[PDB]
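Below: the structure, in structure tokens.
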Amino acid sequence: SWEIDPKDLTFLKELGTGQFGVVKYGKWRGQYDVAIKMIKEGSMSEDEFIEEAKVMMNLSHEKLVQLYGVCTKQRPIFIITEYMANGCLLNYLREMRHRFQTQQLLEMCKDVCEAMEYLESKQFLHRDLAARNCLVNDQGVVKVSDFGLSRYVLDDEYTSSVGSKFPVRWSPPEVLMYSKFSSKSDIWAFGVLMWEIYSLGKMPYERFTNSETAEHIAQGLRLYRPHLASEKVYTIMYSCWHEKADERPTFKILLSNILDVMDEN
Ligand SMILES: Cn1cc(-c2cccc(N3CCc4c(sc5c4CC(C)(C)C5)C3=O)c2CO)cc(Nc2ccncn2)c1=O
């Protein structure tokens, strides 16, 4: 794992707080934009993360928010990542909702699907894919962020499937019932993400509680077709929500489906 010298980091701006505490914007060696997570003590299974972190860093793709390296020879430890000037996709969708062409929406889906196909090819699970966990750069490219980190979270409200922070609305039945994560639970989440994109950042199952969502999707309830989604596009997101995991497509197939819709237009 790349151990970055904290002396090479210059903090510039507060970016707010996430599950592991404060995140800042800064530069590495006076030139490269980076984000720096300052890992709050007690928020992360740190020994576990450090022991397992090299695989995460070796993940390299244009549509992933890259994990560059770590600073572990001090307290608190740092995680250093690629910086994305336009912030998280969920806010981006909401703030420009009157400006998007539908072709731009499909392109966001393509971006995320490319990232997820790559992770799938590495047998690497995201485990918390959602618009809130995608970021947007200065040229409008969407990238997937914080893949794999859900595993190291110490927060019972997040790790319990009946916790108030658990991503119930992005979870398939087998995750809610058995905590069975697989590439196919990332597939389900991706479908919900597509719905978030085409709904311009609406909350899935708004007005339903988490437990009501779990209850009803287990009984077959599915998100409705957003007004901006064509039938071809809705067919793609809907295919991600087969009750049976083994009936859901791969990200390779989804990518091929999305490319086909793009060509046709
Ligand atoms: C890389 N990066 C991270 C952030 C940023 C800033 C504050 C907080 C966070 N989050 C939010 C999401 C998140 C963490 S850790 C973690 C999650 C989900 C999880 C439960 C699985 C584990 C986090 O660190 C992030 C995303 O990692 C903001 C950026 N950009 C901007 C730009 C302008 N304004 C604000 N942010 C940016 O480029």
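In listed order, ligands and their atoms are each counted from 1. Nothing fancy with the numbering, it's 1 onward along the sequence.
Two residues are said to be in side-chain contact when any heavy atoms from C-beta on lie closer than 4.5 Å; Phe11 and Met38 meet this criterion. Side-chain atoms of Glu52 and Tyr152, non-hydrogen and from C-beta on, do get closer than 4.5 Å to each other.
Panel note: side chain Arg222, backbone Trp241; a donor-acceptor pair is recorded below 3.5 Å.
Both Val168 and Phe208 belong to a single network of hydrophobic side chains, linked directly or stepwise wherever heavy atoms of I, L, V, M, F, W or Y lie under 4.5 Å apart.
Aromatic ring centroids of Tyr234 and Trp195 lie 6.0 Å or more apart.
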Short N or O contacts of ligand 1 with protein, under 3.5 Å, listed by atom name?
| unit_1 | atom_1 | unit_2 | atom_2 | d |
| --- | --- | --- | --- | --- |
| ligand 1 | 24 (O) | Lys37 | NZ | 2.8 |
| ligand 1 | 27 (O) | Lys37 | NZ | 2.7 |
| ligand 1 | 27 (O) | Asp146 | OD2 | 2.7 |
| ligand 1 | 30 (N) | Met84 | O | 3.0 |
| ligand 1 | 38 (O) | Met84 | N | 2.8 |
| ligand 1 | 38 (O) | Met84 | O | 3.4 |

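Between the side chains of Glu174 and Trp188, no donor N or O sits under 3.5 Å from an acceptor N or O.
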